[PDB]
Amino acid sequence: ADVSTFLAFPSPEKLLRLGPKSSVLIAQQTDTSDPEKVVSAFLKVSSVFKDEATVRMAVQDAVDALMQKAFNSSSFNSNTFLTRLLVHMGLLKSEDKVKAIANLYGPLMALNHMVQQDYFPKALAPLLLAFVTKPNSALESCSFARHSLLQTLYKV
């Protein structure tokens, strides 16, 4: 019933409500053959990221269940996922207008976690590195996460 209700209006509380099941209930519910839909879930889930043990663990657990499903789909263009992700974070241009999210901390932390996971195609790393650089305004507001993420990509 919920899970969907979470996605409509993500909150740390709602997410912690779903149980350890939340990871897979989210991942199964999103059409993981479609990069735009996967980006949507990704940001939604990562939007409730908080420095808080239980919430942090939950957010990363969703991301993983989701992304592992994505990267495991033969219909899933990971390149289009990255492009659409950065477009949505307001780090890349696009022909279509987008809601351009306002806070990147969560998103940036989720990425920091994602890139480091076995499931992640290492080939995509250098690509992502080149758009975490370019002196964008919304990034210099999260120096840490940006810097934390850059360090990961070098090493992975």
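Between two forms, the rigid core is the largest collection of C-alphas that superpose within 1.5 Å. One-based numbering along the sequence shown.
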*Any chance you could tell me whether 81 to 89 or 68 to 76 drifts more in 6 other deposited structures of this protein, judged by RMS CA distance from this form after superposing on the core?*
68 to 76
*Which of these two stretches, 59 to 67 or 122 to 130, has the larger RMS Cα offset in 6 other deposited structures of this protein when the rigid core is kept aligned?*
122 to 130
*On average, are the C-alpha B-factors higher in 124 to 132 or in 58 to 66?*
124 to 132
*Between 26 to 34 and 83 to 91 (mean CA B-factor, as deposited), the higher*: 26 to 34
_Considering every modelled residue of the chain and its Cα B-factor in the PDB entry, is residue 8 in the lowest, middle or highest third?_
highest
*asked:* Can you tell me whether residue 156 has a C-alpha B-factor in the lowest, middle or highest third compared with the other modelled residues of the same chain?
replied: lowest
_residue 1 CA temperature factor, ranked by third within the chain_ = highest
